[PDB]
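Enquirer: Need a 3D model of the sequence below.
(2 chains)
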Amino acid sequence: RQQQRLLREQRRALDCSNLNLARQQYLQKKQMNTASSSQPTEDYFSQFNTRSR
Amino acid sequence: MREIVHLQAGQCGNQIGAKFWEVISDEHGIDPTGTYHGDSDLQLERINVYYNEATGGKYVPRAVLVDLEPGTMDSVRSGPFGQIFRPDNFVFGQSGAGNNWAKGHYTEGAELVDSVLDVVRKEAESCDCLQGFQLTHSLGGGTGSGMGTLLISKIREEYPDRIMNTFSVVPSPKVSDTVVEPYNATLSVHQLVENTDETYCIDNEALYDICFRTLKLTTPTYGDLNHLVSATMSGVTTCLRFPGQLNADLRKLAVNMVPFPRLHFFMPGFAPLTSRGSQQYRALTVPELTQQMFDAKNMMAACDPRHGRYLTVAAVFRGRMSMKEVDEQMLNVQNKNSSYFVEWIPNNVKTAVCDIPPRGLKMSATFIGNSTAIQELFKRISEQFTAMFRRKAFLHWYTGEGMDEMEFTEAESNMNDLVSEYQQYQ
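Expert: Numbers count the residues shown, from 1 in each chain, chains lettered A, B, ... in the order given. For reference, the structure is listed below:
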C-alpha cells in the first residue's frame, strides 16, 4: 500500500514539473511569434530620394 | 578566401559600379573614407571577399575601373564614395569610342586592353582562392560592348576555369537612344555566348517599368535604376559573406541552372519592393516574397515568361526564417501550373537561405530564372539588324576600322542559332 502511494506521488510531481515547463514554453513561443514578420523603416525609403541623373 | 574581382567598363559600367559599392560598404559598415565603424562582428569576418587591406584599418575595394574617356571618371571621384577607390585602379584613355563597336574592339581598345590586363593580374594574384570575376557593362555603347567583350575574350584564355559573370544591359527598342545600337548588340551576343559562365539580361525599359508601377516614384532617374541592379548584384553573393542554414556560392548556382552550355541568359528579380504609401498594408512574410519574386511585372528583362517555359529557377533568401515555409512555397508554385514548367526536369527550383538581412529590411529574396522566353529579346534585335543591313545603312563607319561584311554575316547566323536552340524546348 505504501509503494502504491509513492507511485501516485511521483506521477503528481512529474505532472507539476511539465506544467511549469508548459508555461515557459508558452511564453517562449509567444515571443517567437512577434519576431519573424517584417516591417520596413525609413532606412528602406531614404535611398530612393537620392540621385539626380 | 573566396575573393571576387569586380570589373566594370563604360559610363553605364561606372555608374552602376559607383552605386553598387555604396551598397556593400553600408552592409559592411565602411565609412566614405575607409574605416570600419560597424556595430556587429560578422561584418568584419569575411570582408576580404570584396575588400583589400591597407595601413591603419583602411579597406580599399578590389575593383577595376575602365573607360575610353576621362569624362565619367571624374563623376566617380566627385561622388560621396569616390575617395575609397585606389587611384591606380582608374584606367582611362583620351579619346572616346564614339558609340562604335570596332573602335572599342580593334582600334582604341586594343592599345588599352594591355593596360587593364596589368591591373587585373595584380589583384587576381593577391587572393588566396579567387572565386571568380564580374563584369557590369552595356551592349548599347562603344566601350562597354567593344572593349568589355575584349577583356572577356582575354581574361578567359588566362584564367579559364574560374567563374566569369556579367550583368549586361541589353538594348531596348521601345526606349532607345542610339541609331547604331543594333550593330553593337548583334556583334557582342556572338561573343558572350562562348565566353561567359553566366549572363544576366537587364533592360532599361524593364527598370523604368518598376519605378513607375511598383515603387511609384514620380521622378525615376539613373541614380534610382542603379539601386535596383545593385540590390540584386549583392543578393547573389550573400552566402559567400554571411552564414546561413543552406549556403550557395556562385558555382553552385551555375550547376543547378544551365543544363546545356550555351543556355545561360537569366532574368533577375528582387522581392520586397514597396511604395511609401502602401508600406503599412503589407505584413511581409515568406508567402509575400514568393508572390512578388515570381510575378511577371517584376522581372528585370523586357520579356514575359508567360510565353515560355522555365528551364530552371533560383531563389536566394535572406533573414532568419523557417525552412518549412520556404520549402512549401517552392513546391506550391510548381504544381499549380504545369504548362509553364518543362517536363524533362522534375524539380526545377533551387533554394538557398542566408541569415543577415539587408540594411533596413528584415527579410528579402532574389529570383534568377532561366526561361525559354528570353529568345524574344534576340529575335527583336535581329529584325532591326537585318532591316538595316540589307541596305547597308551605317556600314562605312565599321568597315573603315578594319572589319569585313562577313563579320556581320557570321555574327548574325550564330545568334539566329541561339534562337533555334531555345526554340526546341518550348
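
Enquirer: Enumerate the residues of chain A near chain B.
Expert: A:36-45, A:47-48, A:50-53 (C-beta under 8 Å from any C-beta of the partner chain). C-beta here means a position set from N, CA and C on the backbone, and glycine is covered the same way.

Enquirer: can you do 6 Å?
Expert: A:37-38, A:40-41, A:43-45, A:47-48, A:51-53 (C-beta under 6 Å from any C-beta of the partner chain).

Enquirer: Kindly give a single ChimeraX line that selects the buried subset of the residues you listed.
Expert: Applying 16 or more other C-beta atoms under 10 Å in any protein chain shown to the residues of chain A next to chain B leaves a buried subset, and the ChimeraX line that selects it is:
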select /A:38,40,44,47,48,51
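
Enquirer: and the residue of chain B nearest chain A?
Expert: Closest contact between chain B and chain A, by C-beta to the nearest C-beta, is at residue B:223 (1.8 Å).

Enquirer: Please report the distance of that residue from residue B:15.
Expert: Distance of residue B:223 to residue B:15, given as C-beta to C-beta, to the nearest Å: 8 Å.

Enquirer: Just want to know which of these two has more residues nearby.
Expert: Taking neighbours as other C-beta atoms under 10 Å in any protein chain shown, residue B:223 and residue B:15 compare with residue B:15 leading, 23 against 17.

Enquirer: Make sure the more buried one is indeed in a helix.
Expert: Yes. Judged by DSSP: H, G, I helix; E, B strand; the rest coil, residue B:15 forms part of a helix.

Enquirer: Distance check, it against residue B:80.
Expert: 14 Å.

Enquirer: ok, of the residues of chain A next to chain B, which one's closest to residue B:188?
Expert: Comparing the residues of chain A next to chain B against residue B:188 with C-beta to C-beta places residue A:53 closest, at 24.2 Å.

Enquirer: Provide a list of residues in contact with the residue in chain A positioned nearest to chain B.
Expert: Here the residue of chain A nearest chain B is residue A:51; by C-beta to the nearest C-beta that distance is 1.8 Å. The contact partners of residue A:51, by C-beta atoms under 6 Å, 6 or more residues apart in numbering or on different chains, come to B:221, B:223-224.

Enquirer: Which helix or which strand is home to the nearest residue to it once chain neighbours are set aside?
Expert: Excluding the flanking residues, the one nearest residue A:51 by C-beta to C-beta, 6 or more residues apart in numbering or on different chains is residue B:223, at 1.8 Å. Using DSSP states H and E, residue B:223 sits within helix B:222-233.

Enquirer: re the thing from before, kindly reformat the contacts of residue A:51 as JSON lines containing distance to residue B:158.
Expert: Below are the contacts of residue A:51 laid out as JSON lines (distance: C-beta to C-beta, whole Å):
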{"residue": "B:221", "distance to residue B:158": "38"}
{"residue": "B:223", "distance to residue B:158": "35"}
{"residue": "B:224", "distance to residue B:158": "37"}
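
Enquirer: still on that earlier bit, which is the next helix or strand following the helix holding residue B:223?
Expert: According to DSSP H and E, the helix or strand after helix B:222-233 is strand B:244-246.

Enquirer: Can you give me the buried ones in that next one?
Expert: Counting neighbours by 16+ other C-beta under 10 Å, strand B:244-246 gives residue B:244 as buried.

Enquirer: Show me what that strand is packed up against.
Expert: Contacts defined by 3 or more C-beta pairs under 6 Å, 6 or more residues apart in numbering or on different chains; DSSP states H and E place strand B:244-246 against strand B:349-354.

Enquirer: Is the strand it packs on positioned near chain A?
Expert: No. Residues of strand B:349-354 are not located near chain A by C-beta under 6 Å from any C-beta, the shortest gap being 13.5 Å.

Enquirer: Paired strands for that strand, with orientation please.
Expert: strand B:244-246 (antiparallel), strand B:310-317 (parallel) (DSSP bridges).

Enquirer: Pick the most buried one from those.
Expert: strand B:310-317 (a mean of 24; mean count of other C-beta atoms under 10 Å in any protein chain shown).

Enquirer: What residues of the next helix or strand after that one count as buried?
Expert: Scanning forward in sequence from strand B:310-317 by DSSP H and E, the next helix or strand is helix B:323-336. Buried residues in helix B:323-336, counted by 16+ other C-beta under 10 Å: B:326, B:329-330, B:333-334.

Enquirer: swap in stretch B:116-127?
Expert: Neighbour count says stretch B:116-127 has B:116-117, B:119-120, B:123-124, B:127 buried, by 16+ other C-beta under 10 Å.

Enquirer: Could you check which helix or strand contains the residue positioned nearest the centre of chain A?
Expert: By C-alpha atoms, centre = their mean, chain A has its centre lying nearest to residue A:28, at 1.6 Å. Element membership for residue A:28 (DSSP H and E) is helix A:2-32.

Enquirer: and residue 29, how many residues sit next to it?
Expert: Since no chain was named, I'll use chain A. Residue A:29: 8 neighbours (other C-beta under 10 Å).

Enquirer: my question was about chain B
Expert: 16.

Enquirer: Spatially, what comes nearest to it if we skip its sequence neighbours?
Expert: Nearest one to residue B:29, counting by C-beta to C-beta, 6+ apart, is residue B:38 at 2.8 Å.

Enquirer: Also residue B:69?
Expert: residue B:96 (4.1 Å).

Enquirer: right, and that neighbour touches residue B:70 too?
Expert: No. With contact defined as C-beta atoms under 6 Å, residue B:96 does not reach residue B:70; the gap is 9.5 Å.

Enquirer: counting contacts, what elements does the helix holding residue B:223 pack onto?
Expert: Using 3+ C-beta pairs under 6 Å, 6+ apart: helix B:222-233 touches helix B:11-27, strand B:265-270.

Enquirer: still on that earlier bit, mind giving me a markdown table with the buried residues of helix B:323-336 and columns for distance to residue B:296?
Expert: Formatted as a markdown table, those follow (distance: C-beta to C-beta, whole Å):
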| residue | distance to residue B:296 |
| --- | --- |
| B:326 | 22 |
| B:329 | 17 |
| B:330 | 18 |
| B:333 | 13 |
| B:334 | 16 |
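
Enquirer: and which of the residues you listed is nearest to residue B:377?
Expert: Out of the buried residues of helix B:323-336, the member with the shortest distance to residue B:377 (by C-beta to C-beta) is residue B:333, at 23.7 Å.

Enquirer: Leaving out sequence neighbours, find the closest residue to the closest one.
Expert: With C-beta to C-beta, 6+ apart as the criterion, residue B:333 has its nearest non-adjacent residue at 6.1 Å, and that residue is residue B:294.

Enquirer: so which of the strands paired with strand B:349-354 gets nearest residue B:228?
Expert: strand B:310-317 (15.8 Å).

Enquirer: okay, the angle between that closest one and helix B:323-336?
Expert: Taking axes from the mean of the first three to the mean of the last three C-alpha atoms, to 10 degrees, one finds strand B:310-317 and helix B:323-336 inclined to each other by 160 degrees.

Enquirer: which ones are touching residue B:178?
Expert: So residue B:178 contacts B:99, B:140 (C-beta under 6 Å, 6+ apart).

Enquirer: measure the residue nearest to residue B:333 to residue B:60 for me?
Expert: Distance from residue B:294 to residue B:60, counting by C-beta to C-beta: 39 Å.

Enquirer: Look at the two and report which has more neighbours.
Expert: Each of residue B:294 and residue B:60 has its neighbours counted (other C-beta under 10 Å); residue B:294 has more, 22 against 16.
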